[PDB]
Amino acid sequence: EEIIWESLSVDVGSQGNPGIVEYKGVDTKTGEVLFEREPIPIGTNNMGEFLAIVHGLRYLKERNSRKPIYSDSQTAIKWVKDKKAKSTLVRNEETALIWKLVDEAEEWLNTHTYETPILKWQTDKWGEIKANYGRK
RNA sequence: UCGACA
DNA sequence: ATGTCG
Ligand code: VO4
Ligand SMILES: [Mg+2]
Ligand SMILES: [Mg+2]
């Protein structure tokens with residue numbers, strides 16, 4: 001299987017886990033940053049990966065784009081497929097912002113239709129995903 | 001008992 | 001190290 005360059009790549013970035021979470025989506029071909037989330041004080045890697053895909057889904061749908069989305073997160077891909085984020089992050093006053101975004105993301109998935117293929121970025125064959133933050 | 005993706 | 005799934 002080859003890389004579908006005509007696509008959107010998303011990825012999470014964090015400082016600690018759980019810790020500060022952010023994410024962005026980029027054009028897989030050029031690397032142009034199409035959107036980037038404002039750092040979230042506290043959240044998990046998988047929540048961020050999940051929010052990144054849903055944000056890409058809405059980004060593409062508003063523009064009537066049928067391009068697929070690449071993510072390197074097996075967990076986030078499954079959560080999106082089930083339209084349910086199974087995070088273990090403790091629900092409390094500290095993790096309110098991330099959980100709210102996560103709940104709203106889920107809500108969006110349960111209130112909208114889309115055919116966007118959500119593809120697994122084969123990191124071991126193609127190297128780091130184009131929207132990556134972390135060290136290689 | 002791990003294996004895997006982050 | 002910690003977050004999650006097969
Ligand atoms: O802009 V919306 O996709 O929330 O309908
Ligand atoms: Mg990732
Ligand atoms: Mg990354």
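Quick note on labels: first sequence line is chain A, next is B, and so on, each numbered from 1.
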Whole-Å distance, A:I98 CD1 to C:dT4 P, equals 10 Å
Regarding A:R37 and the six-membered ring of A:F35, is the cationic atom NZ or CZ under 6.0 Å from the ring centre and inside 45° of its axis?
-> no
Starting at atom NZ of A:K86, determine the distance to atom P of C:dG6, rounded to an integer number of angstrom.
-> 12 Å
Rounded to the nearest angstrom, tell me the gap between atom CE in A:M47 and atom P in C:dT2.
-> 18 Å
Between atom NZ in A:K125 and atom P in B:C5, what is the gap in whole Å?
-> 11 Å
Taking only the side-chain nitrogens and oxygens of A:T44, find out if one of them lies under 4.0 Å from OP1 or OP2 of C:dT4.
-> yes
Return yes when atom NZ of A:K86 has more than 12 non-hydrogen atoms of other residues, nucleotides or ligands closer than 6.0 Å, and no otherwise.
-> no
Can a side chain N or O of A:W121 be found less than 4.0 Å away from OP1 or OP2 on B:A6?
-> no
Which one, C:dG3, B:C5, C:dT4, comes nearest to the side chain of A:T88?
-> C:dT4
Determine: side-chain N/O of A:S87 to OP1/OP2 of C:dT4, distance under 4.0 Å, yes or no.
-> yes
Nearest to the side chain of A:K120, which nucleotide is it out of C:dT4, C:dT2, B:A6?
-> B:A6
In whole Å, what is the span from the CD atom of A:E128 to the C1' atom of B:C5?
-> 12 Å
Check: A:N132 side chain, A:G134 main-chain N or O, donor-acceptor pair, under 3.5 Å | yes
Please work out if A:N46 contacts a base, only the sugar-phosphate, or nothing of the nucleic acid, heavy-atom cut-off 4.0 Å.
-> base
Atom CZ of A:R135 and atom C1' of C:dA1 are separated, to the nearest Å, by 16 Å
Rounded to whole angstrom units, what separation is found between the NZ atom of A:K81 and the P atom of C:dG6?
-> 11 Å
Do A:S14 and A:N17 get their side chains close enough for a donor-acceptor pair, meaning under 3.5 Å?
-> no
Quiz item: A:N45 side-chain donor-acceptor pair to B:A6 base, under 3.5 Å = yes
Nearest-Å distance for atom pair CG/P, residues A:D124 and B:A4 = 11 Å
Minimum-distance nucleotide (side-chain atoms of A:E49 versus B:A6, C:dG3, C:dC5) | B:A6
Within 45° cone and under 6.0 Å: A:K24 NZ/CZ vs A:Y133 ring = yes
